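Visitor: Let me give you the structure first, and then I'll get to my questions.
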Amino acid sequence: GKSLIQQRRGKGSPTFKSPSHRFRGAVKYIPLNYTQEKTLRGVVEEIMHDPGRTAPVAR
Amino acid sequence: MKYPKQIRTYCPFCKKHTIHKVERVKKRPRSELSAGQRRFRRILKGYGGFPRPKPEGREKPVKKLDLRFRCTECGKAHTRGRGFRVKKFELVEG
RNA sequence: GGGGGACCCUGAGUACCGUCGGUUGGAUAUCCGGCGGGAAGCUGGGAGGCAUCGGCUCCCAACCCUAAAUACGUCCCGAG
RNA sequence: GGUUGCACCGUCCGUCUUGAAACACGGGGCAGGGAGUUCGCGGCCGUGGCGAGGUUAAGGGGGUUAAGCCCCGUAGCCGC
RNA sequence: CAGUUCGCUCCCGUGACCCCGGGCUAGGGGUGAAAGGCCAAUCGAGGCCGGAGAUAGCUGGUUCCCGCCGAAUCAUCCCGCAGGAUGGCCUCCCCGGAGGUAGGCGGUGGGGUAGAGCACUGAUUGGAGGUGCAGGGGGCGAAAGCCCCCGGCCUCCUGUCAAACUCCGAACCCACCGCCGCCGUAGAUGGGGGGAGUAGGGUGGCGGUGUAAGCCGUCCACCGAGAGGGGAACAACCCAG
RNA sequence: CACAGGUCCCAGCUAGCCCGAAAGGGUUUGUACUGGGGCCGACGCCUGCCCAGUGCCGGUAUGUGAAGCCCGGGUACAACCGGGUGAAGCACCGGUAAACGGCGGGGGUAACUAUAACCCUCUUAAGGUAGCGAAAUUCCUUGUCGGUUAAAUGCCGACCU
RNA sequence: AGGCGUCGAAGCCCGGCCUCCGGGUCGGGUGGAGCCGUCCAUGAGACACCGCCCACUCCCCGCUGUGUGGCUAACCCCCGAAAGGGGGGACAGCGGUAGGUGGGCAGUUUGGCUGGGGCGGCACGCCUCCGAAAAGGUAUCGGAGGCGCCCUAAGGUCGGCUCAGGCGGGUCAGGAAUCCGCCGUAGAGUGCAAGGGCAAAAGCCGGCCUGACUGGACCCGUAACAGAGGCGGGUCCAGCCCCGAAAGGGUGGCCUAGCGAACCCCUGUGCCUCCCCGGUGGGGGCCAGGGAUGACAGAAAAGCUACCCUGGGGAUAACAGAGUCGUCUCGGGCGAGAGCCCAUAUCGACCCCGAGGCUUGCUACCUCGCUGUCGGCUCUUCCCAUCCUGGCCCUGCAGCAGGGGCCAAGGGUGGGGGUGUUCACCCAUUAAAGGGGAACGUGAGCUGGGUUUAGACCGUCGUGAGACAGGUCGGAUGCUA
Ligand SMILES: [Zn+2]
C-alpha cells in the first residue's frame, strides 16, 4: 500500500519540518559553571511574543 | 478381528513347520543419520521457502497390518504374505 | 669444494574445531566470510573424499616476484 | 490478334469453420522487401572407403602469392 | 479557433483569497480539506534506455509446376476439456517365401432382442367356492364363549400388463470347419524401419432422453475432401464418381 | 471531504510515534495549557443493557516451551539416543465497549365470543431504553386513514404489521 | 549367637535439641559389677557386634551458576573550543545465535465436469441390474441401487443331517415357548447391494487344522478390436504342511466391490560396498512387509474488482433474428348440467382435435477485429381474430334497449392525473375512445426520464477487501452522402 502521515513525517520533508527561523531561539540556562558557587544579577530588558512557544519570552 | 498369539507355519530358516509368535511392527521416528534426513536438514538451512511438500490431514481410515512371525526355535522373525487392513486387532492366547 | 657434531633457526588469534549465511558437482567428503574457542613449533607439523586408531606413501602452510605459449581490436597490411 | 454481337452456362479472392456470395474476418491501385536458418546431441535412410578392425582431434613437417595442395600425428572414441 | 475552446446564464470577489521570482519533497516513492486525486497531453504504481528477439496451449501470415497414393475428429491417461501422449486410420522403403478371405453354399456351436405368454417376480376388474385367520364393526357375555356384515389368505372363472419378469422365441449376428468365388510367386497374408496429419464433425436410418426443436450414441451410405446431368435455386435427395 | 466543538489512547524527554543498510535523523530553537495516534462533526436535550466471541492491557503460582548448560548411555573422540533447568509466547486468571461488534426466541395471563400484555417462567453474555418510523432504510406496496386535484404509483400529517 | 564391661553398666537426679511429646539419643554427678538376646512372636529379627547405604534434614571447605543489595575502572549521556567537571553503569548499546509475534512488506495458489457461467450435484475411484440394438463394443448432470468394511472364523478339510411356509394332534401353552406325524424343487440360508451358482451341498450341526505359507513360470482383465505403469484374477512346478480309509481338496471368504506411483522413511533378513591398506563406530546398496495422495494414473494452496488490463471466442450467456409452441391469444367436436316444460336465446362441467407466432419459456443455428438499450416525440405503411361508422341473421327480440353470430379493413379510434414507464388504475367528453406486424418500425431524426461504468448515502450480508434482478442524488449521444 501507500505511506501514512506519521511514516512520511519521519523523512524530514519541508511539509513536516518545523520552521525554526521565525522563532526567537531556544531558552536554555547559562552554563552551570557561572551559576554554581556564584550568584549573578540580571536585568530584564524586553518581553516579547515567541511565534511557536505557547509562552512569552524575555531578554 | 481376533488373531492367534501363536501359529505353526513353515519357517524359511528351519525349513519346516514350527511355532511362531505374532508381533506387530512398531513405528520409529526418522533416523537423523540417514542420507535422506541428512539431505533434508542440509537443504532446509538458509533463506528460501519450504523445499518439500507438507501434506495435511492425509491418512487412510484404516491402515494395513504389519506383522512379523518369530520362530520359537531359531528366534528369527520373518514376514508372511501381504497385510490386510482392519481397525480392530485383538491377539487371543493360543 | 667436501666430510662430522653433542648446539641454534625454520612465518599465530595462524592451522584447526563448533556454529550461522553464501557459493560449489563436492555428495556426513568444495571454497569464502561472521561469531565463540584455539595449538605443536624440529625430541616438530600437514594431506591421502564420514570420524577415529595403527601401518604405508607424499609433502613443509600461515611472506614476496616471475618472461613464452593465452584473451580483445578503438587501429593498420592482406583476403573473400 | 483488338473490340464487340448472339445462344447457353457462371453469385469474386485468401481464411477459421460441420457449413462462405454471405448482413463472418482480411481485401483503392502499382513497384521493391518479406517469413523451416545455425550449432550440439540422438534415431533412420541414399551412396562411397576400409573391414575384425575403422577413424583421427590438438598439433608437427614439406611446398606455395595464399588459409588451397602433400605427408606424418594412436591421445581419444566406437566395435571385438 | 481549440488532443477541453466559444457565447448566454451562474458562483466567490478582505480572505482557509488570487498571482509572479528564488528553493525543497522522486516512483512502491513524493504529495493529497481523501476524488485512487496530482506528480510535464502518461498514474490502482511516471518517463527513458537495458534484461529483451520475455512468454502464451490464444489471433494473423507462410512465396514455382506437373505426376502417384491418400485420411481423421475416437478408445485410454493427463489441474485434462481451445492443449498434449499411447493406440486406431494415411504415405514411402525394405526383408520373407505359399498362402489369404470382404461375398456365397452346407455343417458344428453360442445368443435371449422383436414378437408372444403368465410357468418365477411384481402388477390388475368383477363373480363363485373354502378358510378364524392374532383383522375391524356389531348382536353376545361372569367370562367360558358363540350369531351376522366386513378385512385378509387359498382355488377356479372372467377382463387386462412389464426397460430393470420369462415356461417359450425369430429375423439376424458372431467363432470354427469343407467347398465355390476372388486376390497372390509381376511376391499377397504377415514382419521391421522413416514421415505424418487427425482429439470441434454434418446430413441420412436406428436406439435412450426431451412437448418439440434439440442433446447423447449407434449404422458408414453422401458432404467434409467430389466434378458433371436434374429436383426453380439447395451440402446431405436422384443419376453419376 | 474539510471545519470549529466533543470525547478516547500513548508519552516525564536517553520519553511516545516515525524514516533508514548503518551512521545519523523528523516531531525538536519543542516539554503535559505539550508532541503523536483514532473516531464523531456548529448549536439545544441526551448517549440505555451486554466483557461470552475478537482485539488490546495487567498478573502469571502452575502446564507446555528453542538454543545454551547439566546428568546418564553410546562413541579408545564425535556424530547419536533419554532425562533436568529453561525466557518470550500460548494455556489460565482479571480490567476494558465515545475498543470491533451484539442488544433474539419461545410458554403464557385482566370485567366478552374483542386484539394486545401491567405481570410471571425458560432461553444465550443481554435481550433495543429515550427517541424516531412505509424513512435516501419497508419486499408485500400504489400499506391503511386525512389534506392537496374533476381525476394523485406524487408531496404533506397520522397508525405501527 | 553371641557382645561389651577398672580397653568401666544398670537405677535414680538435672540440662540443650530433633521429634508420629511413639519415645530414641546426648554434656555433668551420686553410682562400684553387671546388661541385652539364643528363646519366641513378626510376610521379613535383633536397639548383640561388624558393612555400604535407603528417604528428610544441618553444617566446615573448593567449585559452579541463579537472584538480590552495593562500588567504579570498561561503556553511554550532558555542559564546555578544549583541559577538566556532572549523571547513569557492567544495565544499556553493539556483534553472533535461538524461539515467538508479525498483511507493515513480498512471491504465489485459490482444480475440473457443467444443455453459457455461478449455487447445487459429482456423472472426479470401484461393483450388480436395465439403456445395450439375442457375438463383442457402445455415450449423456441417462434410469434403480450399493462399496471405502467384516470374519482365527463367516478360512481348509472329513463325516452326518436337510430348509421356509403350511395341515392334523397334544398340560399349563394363548396367533407366538417345547413336542409327535404328513405335505413341502427350495417359495429358506449362503456376513453385507444386486445378479449368477448351490439339496446325500456351497445351507444347518460337529471332529481336526492354519494352503490367509516360502522360491518361481506362464496367461487373461482393468485397457475387446488395439498401445500401459499400478492393480485384481486364472493354470501350474518345487519346498514344508492340514484334513481323509482313499480318491481328492487346500496359494483366504461360492464368482463378480471393500482401494493407490516416484522420492523419502520404519521393520525383517542374509549378503555386497565406503576413494593407499587394515580394525572399530556409522553410512550406502540388493530382496521382502508397512506409512498416501477420495481431484482416487497421485500440486503442499483463500478471496474482491463497479479503478480494472491483455489474448481470444458467436466453440458460450443477455437484446434482436431463426427452429419449437410446453405456456400465451383464438377456434372446434360430444353434450352432463343450468335455464318455470326446453341441451343448444344464453352458459357448456369432464374429455378430445386444431390455428397464430401478437406473452413467457426452451434450443444454441447466424452475429462478440462492436448490427448502439426501454419509454416518449415525429413520420410512413400493412393484417383482421371488427371498438364506432355501412348491411344483415337468431333471441328467454312489445318499444327504447340488451345477448349471440355473419358480410365488410373506405373512414375514425381523441384530451387529461399520479408513475420513466409499456401496461394497468382513475377523470370529463365521445359514434367509438379495438387489438396487433414493420430488426419488440423509426437515435448517420430527435429527447435522455429508467437500465448499465467511473463519485456518494442508507438497510442487510461478510472478520475484511466488498456485494445486493434493495432503495436514493449526480453522471457525454461523434458525420463534408
Ligand atoms: Zn526357526
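As shown in the C-alpha cells, the chain order sets the letters A, B, ...; within each chain, residues go from 1, and ligands are also counted from 1 in the order they appear.
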Considering only C-alpha atoms (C1' of nucleotides), extract the chain A residues located within 9 Å of chain E and return them as a PDB file with C-alpha atoms, in the first residue's frame.

Guide:
ATOM      1  CA  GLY A   1       0.000   0.000   0.000  1.00  0.00           C
ATOM      2  CA  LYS A   2       0.862   3.674   0.451  1.00  0.00           C
ATOM      3  CA  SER A  13      10.468  16.904   4.310  1.00  0.00           C
ATOM      4  CA  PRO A  14       9.598  20.622   4.278  1.00  0.00           C
ATOM      5  CA  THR A  15       5.925  19.643   4.515  1.00  0.00           C
TER       6      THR A  15
END

Visitor: Enumerate as a ChimeraX atom specification all residues of chain A assigned to alpha helix (DSSP H) by DSSP on the backbone, naming them with the chain letters and numbers the document uses.

Guide: /A:5-9,32-35

Visitor: Please return as a PyMOL selection string the residues found within 9 Å of ligand 1, counting only C-alpha atoms (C1' of nucleotides) and all ligand atoms.

Guide: chain B and resi 10-20+70-77

Visitor: Tell me the residues of chain G close to chain A, meaning within 12 Å using only C-alpha atoms (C1' of nucleotides), as a list in words.

Guide: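 Filtering chain G at 12 Å from chain A with only C-alpha atoms (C1' of nucleotides) gives residues 78, 79, 80, 84, 85, 86, 103, 104, 105 and 106 of chain G.
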
Visitor: Go ahead and dump the residues you just picked, N, CA and C atoms (P, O5', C5', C4', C3', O3' and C1' of nucleotides), as a PDB file, in the first residue's frame.

Guide:
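Ended up saving to result.pdb:
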ATOM      1  P     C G  78      24.451  13.785  24.533  1.00  0.00           P
ATOM      2  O5'   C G  78      24.534  14.750  25.797  1.00  0.00           O
ATOM      3  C5'   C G  78      23.353  15.260  26.395  1.00  0.00           C
ATOM      4  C4'   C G  78      23.658  16.092  27.615  1.00  0.00           C
ATOM      5  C3'   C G  78      24.601  17.261  27.403  1.00  0.00           C
ATOM      6  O3'   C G  78      23.953  18.386  26.838  1.00  0.00           O
ATOM      7  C1'   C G  78      25.218  16.086  29.361  1.00  0.00           C
ATOM      8  P     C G  79      24.767  19.397  25.893  1.00  0.00           P
ATOM      9  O5'   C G  79      25.621  20.265  26.915  1.00  0.00           O
ATOM     10  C5'   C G  79      24.995  21.216  27.762  1.00  0.00           C
ATOM     11  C4'   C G  79      26.006  21.936  28.615  1.00  0.00           C
ATOM     12  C3'   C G  79      27.146  22.599  27.864  1.00  0.00           C
ATOM     13  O3'   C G  79      26.783  23.849  27.309  1.00  0.00           O
ATOM     14  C1'   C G  79      27.983  21.434  29.752  1.00  0.00           C
ATOM     15  P     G G  80      27.410  24.311  25.907  1.00  0.00           P
ATOM     16  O5'   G G  80      28.975  24.378  26.193  1.00  0.00           O
ATOM     17  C5'   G G  80      29.501  25.281  27.153  1.00  0.00           C
ATOM     18  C4'   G G  80      30.981  25.079  27.354  1.00  0.00           C
ATOM     19  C3'   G G  80      31.816  24.970  26.089  1.00  0.00           C
ATOM     20  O3'   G G  80      32.108  26.223  25.498  1.00  0.00           O
ATOM     21  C1'   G G  80      32.413  23.233  27.560  1.00  0.00           C
ATOM     22  P     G G  84      41.651  16.060  31.156  1.00  0.00           P
ATOM     23  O5'   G G  84      40.792  16.648  32.361  1.00  0.00           O
ATOM     24  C5'   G G  84      41.410  17.359  33.423  1.00  0.00           C
ATOM     25  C4'   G G  84      40.473  18.382  34.014  1.00  0.00           C
ATOM     26  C3'   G G  84      39.266  17.826  34.756  1.00  0.00           C
ATOM     27  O3'   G G  84      39.554  17.467  36.094  1.00  0.00           O
ATOM     28  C1'   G G  84      38.548  19.472  33.233  1.00  0.00           C
ATOM     29  P     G G  85      38.484  16.629  36.949  1.00  0.00           P
ATOM     30  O5'   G G  85      37.256  17.627  37.127  1.00  0.00           O
ATOM     31  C5'   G G  85      36.120  17.237  37.884  1.00  0.00           C
ATOM     32  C4'   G G  85      34.906  18.070  37.561  1.00  0.00           C
ATOM     33  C3'   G G  85      33.571  17.358  37.701  1.00  0.00           C
ATOM     34  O3'   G G  85      33.119  17.275  39.041  1.00  0.00           O
ATOM     35  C1'   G G  85      33.623  18.503  35.644  1.00  0.00           C
ATOM     36  P     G G  86      32.568  15.880  39.616  1.00  0.00           P
ATOM     37  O5'   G G  86      31.080  15.799  39.056  1.00  0.00           O
ATOM     38  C5'   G G  86      30.113  16.763  39.438  1.00  0.00           C
ATOM     39  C4'   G G  86      28.874  16.678  38.585  1.00  0.00           C
ATOM     40  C3'   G G  86      28.183  15.326  38.529  1.00  0.00           C
ATOM     41  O3'   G G  86      27.390  15.051  39.668  1.00  0.00           O
ATOM     42  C1'   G G  86      28.355  16.206  36.351  1.00  0.00           C
ATOM     43  P     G G 103      -0.217  -9.676  11.066  1.00  0.00           P
ATOM     44  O5'   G G 103      -0.302  -9.508   9.487  1.00  0.00           O
ATOM     45  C5'   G G 103      -1.330  -8.732   8.884  1.00  0.00           C
ATOM     46  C4'   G G 103      -0.784  -7.850   7.793  1.00  0.00           C
ATOM     47  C3'   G G 103      -1.830  -7.044   7.031  1.00  0.00           C
ATOM     48  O3'   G G 103      -1.284  -5.784   6.641  1.00  0.00           O
ATOM     49  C1'   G G 103      -0.698  -8.482   5.538  1.00  0.00           C
ATOM     50  P     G G 104      -1.126  -4.595   7.710  1.00  0.00           P
ATOM     51  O5'   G G 104       0.265  -3.931   7.321  1.00  0.00           O
ATOM     52  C5'   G G 104       0.540  -2.569   7.603  1.00  0.00           C
ATOM     53  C4'   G G 104       1.997  -2.265   7.380  1.00  0.00           C
ATOM     54  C3'   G G 104       2.579  -2.775   6.071  1.00  0.00           C
ATOM     55  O3'   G G 104       2.340  -1.894   4.987  1.00  0.00           O
ATOM     56  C1'   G G 104       3.989  -3.410   7.854  1.00  0.00           C
ATOM     57  P     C G 105       1.947  -2.469   3.542  1.00  0.00           P
ATOM     58  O5'   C G 105       3.263  -3.216   3.054  1.00  0.00           O
ATOM     59  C5'   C G 105       4.479  -2.507   2.882  1.00  0.00           C
ATOM     60  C4'   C G 105       5.628  -3.434   2.583  1.00  0.00           C
ATOM     61  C3'   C G 105       5.447  -4.352   1.388  1.00  0.00           C
ATOM     62  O3'   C G 105       5.712  -3.700   0.160  1.00  0.00           O
ATOM     63  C1'   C G 105       6.308  -5.583   3.218  1.00  0.00           C
ATOM     64  P     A G 106       5.170  -4.320  -1.216  1.00  0.00           P
ATOM     65  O5'   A G 106       6.087  -5.599  -1.437  1.00  0.00           O
ATOM     66  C5'   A G 106       5.735  -6.589  -2.387  1.00  0.00           C
ATOM     67  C4'   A G 106       6.638  -7.789  -2.295  1.00  0.00           C
ATOM     68  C3'   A G 106       6.201  -9.002  -3.096  1.00  0.00           C
ATOM     69  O3'   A G 106       6.587  -8.907  -4.455  1.00  0.00           O
ATOM     70  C1'   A G 106       6.820  -9.667  -0.908  1.00  0.00           C
TER      71        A G 106
END

Visitor: Find the nearest atom pair between each residue of chain B and chain G for residues within 7 Å, count only C-alpha atoms (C1' of nucleotides), give distances in Å to one decimal, sort rows by chain and ascending number, and present the table as a Markdown table.

Guide:
| residue | atom | partner | partner_atom | distance |
| --- | --- | --- | --- | --- |
| B:1 | CA | G:151 | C1' | 6.8 |
| B:2 | CA | G:152 | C1' | 6.2 |
| B:3 | CA | G:152 | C1' | 5.4 |
| B:4 | CA | G:152 | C1' | 6.2 |
| B:9 | CA | G:213 | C1' | 6.5 |
| B:10 | CA | G:240 | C1' | 5.7 |
| B:12 | CA | G:214 | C1' | 6.5 |
| B:15 | CA | G:240 | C1' | 6.6 |
| B:16 | CA | G:240 | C1' | 5.1 |
| B:17 | CA | G:240 | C1' | 6.2 |
| B:25 | CA | G:267 | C1' | 6.1 |
| B:27 | CA | G:266 | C1' | 5.6 |
| B:28 | CA | G:266 | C1' | 5.8 |
| B:30 | CA | G:265 | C1' | 6.0 |
| B:36 | CA | G:264 | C1' | 6.3 |
| B:53 | CA | G:300 | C1' | 4.4 |
| B:54 | CA | G:300 | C1' | 4.7 |
| B:55 | CA | G:300 | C1' | 5.8 |
| B:58 | CA | G:292 | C1' | 6.7 |
| B:59 | CA | G:292 | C1' | 6.5 |
| B:66 | CA | G:290 | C1' | 5.6 |
| B:77 | CA | G:268 | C1' | 6.3 |
| B:78 | CA | G:268 | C1' | 5.8 |
| B:79 | CA | G:289 | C1' | 6.1 |
| B:80 | CA | G:213 | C1' | 7.0 |
| B:82 | CA | G:289 | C1' | 6.8 |

Visitor: Skipping near chain neighbours, those fewer than 6 positions away, what residues fall within 12 Å of residue 101 (chain F) using only C-alpha atoms (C1' of nucleotides), listed as a PyMOL selection string?

Guide: (chain F and resi 50-51+53-55) or (chain G and resi 463)

Visitor: Define the interface residues of chain A facing chain F as those within 10 Å, counting only C-alpha atoms (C1' of nucleotides), and report them as an MDAnalysis selection string.

Guide: chainID A and resid 4:14 16:28 52:55

Visitor: Output N, CA, C and O atoms for every residue in that selection, as a compact mmCIF listing (two decimals), in the first residue's frame.

Guide:
# COMPACT_ATOMS: atom_id res chain seq x y z
N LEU A 4 1.69 6.35 5.43
CA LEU A 4 0.87 7.11 6.35
C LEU A 4 1.50 8.48 6.61
O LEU A 4 2.67 8.71 6.29
N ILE A 5 0.72 9.38 7.19
CA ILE A 5 1.24 10.70 7.52
C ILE A 5 2.40 10.58 8.51
O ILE A 5 3.43 11.25 8.38
N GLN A 6 2.23 9.73 9.53
CA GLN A 6 3.30 9.55 10.51
C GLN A 6 4.54 8.97 9.86
O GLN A 6 5.67 9.35 10.21
N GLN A 7 4.37 8.05 8.91
CA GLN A 7 5.52 7.49 8.21
C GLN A 7 6.22 8.55 7.37
O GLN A 7 7.46 8.63 7.36
N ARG A 8 5.46 9.39 6.67
CA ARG A 8 6.07 10.42 5.84
C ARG A 8 6.75 11.50 6.67
O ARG A 8 7.70 12.12 6.21
N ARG A 9 6.27 11.73 7.90
CA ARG A 9 6.86 12.77 8.73
C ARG A 9 8.28 12.43 9.16
O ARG A 9 9.05 13.34 9.48
N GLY A 10 8.65 11.15 9.18
CA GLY A 10 9.97 10.76 9.64
C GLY A 10 11.09 11.03 8.66
O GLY A 10 12.26 10.87 9.03
N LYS A 11 10.77 11.43 7.43
CA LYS A 11 11.78 11.73 6.43
C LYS A 11 12.19 13.20 6.43
O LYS A 11 13.07 13.58 5.65
N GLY A 12 11.58 14.03 7.27
CA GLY A 12 12.01 15.40 7.43
C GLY A 12 11.82 16.27 6.21
O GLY A 12 12.67 17.14 5.93
N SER A 13 10.74 16.07 5.46
CA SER A 13 10.47 16.90 4.31
C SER A 13 9.98 18.28 4.76
O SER A 13 9.50 18.44 5.89
N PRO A 14 10.08 19.29 3.89
CA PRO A 14 9.60 20.62 4.28
C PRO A 14 8.13 20.65 4.63
O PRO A 14 7.70 21.55 5.36
N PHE A 16 6.74 18.76 6.64
CA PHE A 16 6.67 18.42 8.06
C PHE A 16 7.75 19.07 8.91
O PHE A 16 7.59 19.12 10.13
N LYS A 17 8.82 19.57 8.31
CA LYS A 17 9.88 20.21 9.09
C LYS A 17 9.37 21.48 9.74
O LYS A 17 8.62 22.26 9.13
N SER A 18 9.77 21.70 10.99
CA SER A 18 9.35 22.91 11.68
C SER A 18 10.13 24.12 11.16
O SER A 18 11.31 23.99 10.81
N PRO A 19 9.51 25.29 11.08
CA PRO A 19 10.22 26.48 10.58
C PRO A 19 10.98 27.20 11.68
O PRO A 19 10.60 28.27 12.17
N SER A 20 12.11 26.62 12.08
CA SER A 20 12.89 27.17 13.19
C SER A 20 13.76 28.32 12.72
O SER A 20 14.97 28.33 12.95
N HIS A 21 13.15 29.29 12.04
CA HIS A 21 13.80 30.56 11.75
C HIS A 21 12.88 31.75 12.00
O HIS A 21 13.36 32.88 12.02
N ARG A 22 11.58 31.52 12.18
CA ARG A 22 10.67 32.56 12.62
C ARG A 22 10.74 32.78 14.13
O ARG A 22 10.26 33.81 14.61
N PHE A 23 11.34 31.86 14.87
CA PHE A 23 11.33 31.89 16.32
C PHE A 23 12.51 32.71 16.84
O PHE A 23 13.45 33.02 16.11
N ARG A 24 12.43 33.04 18.13
CA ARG A 24 13.43 33.91 18.78
C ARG A 24 14.67 33.13 19.24
O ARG A 24 15.67 33.79 19.54
N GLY A 25 14.61 31.79 19.29
CA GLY A 25 15.73 31.00 19.76
C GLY A 25 15.39 30.17 20.98
O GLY A 25 14.40 30.42 21.66
N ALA A 26 16.21 29.16 21.25
CA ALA A 26 15.98 28.29 22.40
C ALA A 26 16.27 29.03 23.70
O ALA A 26 17.11 29.94 23.75
N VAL A 27 15.58 28.63 24.75
CA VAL A 27 15.72 29.24 26.07
C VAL A 27 16.37 28.22 26.99
O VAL A 27 15.68 27.38 27.59
N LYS A 28 17.69 28.28 27.11
CA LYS A 28 18.47 27.42 27.98
C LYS A 28 19.17 28.27 29.03
O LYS A 28 19.49 29.43 28.79
N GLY A 52 6.25 30.26 17.79
CA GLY A 52 5.97 28.98 18.40
C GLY A 52 6.64 28.79 19.74
O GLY A 52 7.78 28.31 19.80
N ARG A 53 5.97 29.16 20.83
CA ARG A 53 6.39 28.77 22.17
C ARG A 53 5.25 28.46 23.12
O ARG A 53 5.47 27.71 24.07
N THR A 54 4.05 29.00 22.91
CA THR A 54 2.92 28.96 23.83
C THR A 54 3.15 29.80 25.08
O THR A 54 2.26 29.84 25.94
N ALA A 55 4.29 30.46 25.22
CA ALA A 55 4.57 31.31 26.37
C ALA A 55 5.36 32.53 25.91
O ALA A 55 6.11 32.45 24.93
